[PDB]
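Heads up, what comes next is one protein chain in two forms, each shown on its own as structure tokens, labelled structure 1 and structure 2.
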Structure 1
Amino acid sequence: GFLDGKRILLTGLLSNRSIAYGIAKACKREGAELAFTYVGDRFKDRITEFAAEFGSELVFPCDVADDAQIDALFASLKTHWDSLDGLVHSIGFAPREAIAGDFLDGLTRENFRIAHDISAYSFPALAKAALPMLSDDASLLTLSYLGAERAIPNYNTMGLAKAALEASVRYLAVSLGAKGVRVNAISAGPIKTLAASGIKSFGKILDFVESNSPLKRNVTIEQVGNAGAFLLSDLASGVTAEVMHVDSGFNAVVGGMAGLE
């Protein structure tokens, strides 16, 4: 397909319901060669299997809290791939209390720190670490959420982190653009994933979106994935510094103002 020959590294493939699984599946379909990261030796087995069902045996540990692992990841990858065409950043984290209840109740310096460190800093950090082996027409993708633009209940500290994440997309696009590398994000709609379990009221959000988005339907990892593959391909070569919504248009409306119909 439109990603033949492209070599792409995917982070954040945790289960068969992960957004990164859908992106991987679309990229593979379009002819990319894939490689994967995992967090912690315990998960090496599960990820090696995932990579195998995508025709890949390239897996590398990367806890983004750890500078050593970030540098090692790309030293390791470089032994297998001379150059890297795509990077998918599809990871994040915030302590329970930082994404539950009131925004201030759950706010601490450490909660703020961790959330921004893992969910925002890790993207340009991965970009920097990958730069030497990035090809000139490389493309970097990250995943964001509407909670960066507007206040969403329980999203809280992540919203702050995502807004910084979206800003890093713009600074990264400038910093890497002379060379030719593009940098974008997808602002995905609610998808039932493992991470989604940390958002109490996710089911409520999910229902609301289904009811109120222009398409009257929620998105899938296939849809987010197909847009992933697009942004990562040369079809999207005129596109950088862009936060693309894949949320059935939910971002663009003001919904739920029917009154107990």
Structure 2
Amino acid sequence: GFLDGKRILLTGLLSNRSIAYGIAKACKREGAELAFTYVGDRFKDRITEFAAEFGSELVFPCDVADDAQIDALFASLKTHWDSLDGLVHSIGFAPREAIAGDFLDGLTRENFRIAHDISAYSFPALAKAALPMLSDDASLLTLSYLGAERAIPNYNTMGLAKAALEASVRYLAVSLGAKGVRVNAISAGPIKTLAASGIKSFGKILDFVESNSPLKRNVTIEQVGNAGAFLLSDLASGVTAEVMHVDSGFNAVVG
């Protein structure tokens, strides 16, 4: 496949219904060797099972809130891989109140801090820790959402954090690009899945996308996955600092 020989680390694989899982499947299909991170000892079993589905036994803990863990992640990975070709960043968090209802109601200094720390800072923090072992043609990919560009109900503090994240894609691309490393985001559409505890229902947005997007259908993790695999590959050697919409064209209409 078009990722033959590439070694790729994926973060944020929490279930088989998420974008990271879709990206993992596409990458494995195209010949990549994969490794994964997890958060918390209780969930090592889960990620080991997921990794096993992709022929991988390389799983490592990494709470991106902790500098020491970010550093140890790449020290551990390096014992297996002398170089890293790809990074998929699918990590994001905000306290429930900061992504529900009114923007100001959920705004506190700590809520803001946490959301930006985990959802934005973590991407260039991982990039910086990985940098010495990155191959010259490495590709770093993060996931964003239209709520960074335009105000979407409930998205609130996460929209601020994703805007900072998309800016980090541009600054990272400049910092790492002289070496040859590319940095991009996919602005993904919503996936047809039940929203997690705390997160407001995706129901209305999913229906609205299905009815108004040019393709009249919601995007699937297979589609986001194939786009991600492309960006992680040498097929995309001319593409960097890009935020690519993989959303059935929804961003381009007024619904």
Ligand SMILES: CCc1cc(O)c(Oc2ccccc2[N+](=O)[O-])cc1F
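In this text, rigid core is short for the largest set of C-alphas that superpose within 1.5 Å between two forms. Residues that one form lacks are left out of the comparison. Structure 1 provides the reference sequence; residues are numbered from 1 along it.
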Can you tell which of the two structures I gave is the form deposited without this ligand?
2
Considering only 215, 58, 47, 196, single out the residue whose C-alpha is displaced by at least 2 Å between structure 1 and structure 2 after superposing the rigid core.
196
Can you give the C-alpha shift of residue 18 between structure 1 and structure 2 in Å, rounded to one decimal, after superposing the rigid core?
1.5
Okay, core lined up, where does the chain shift between structure 1 and structure 2, counting runs of 3 or more residues with each Cα at least 2 Å away?
192 to 199
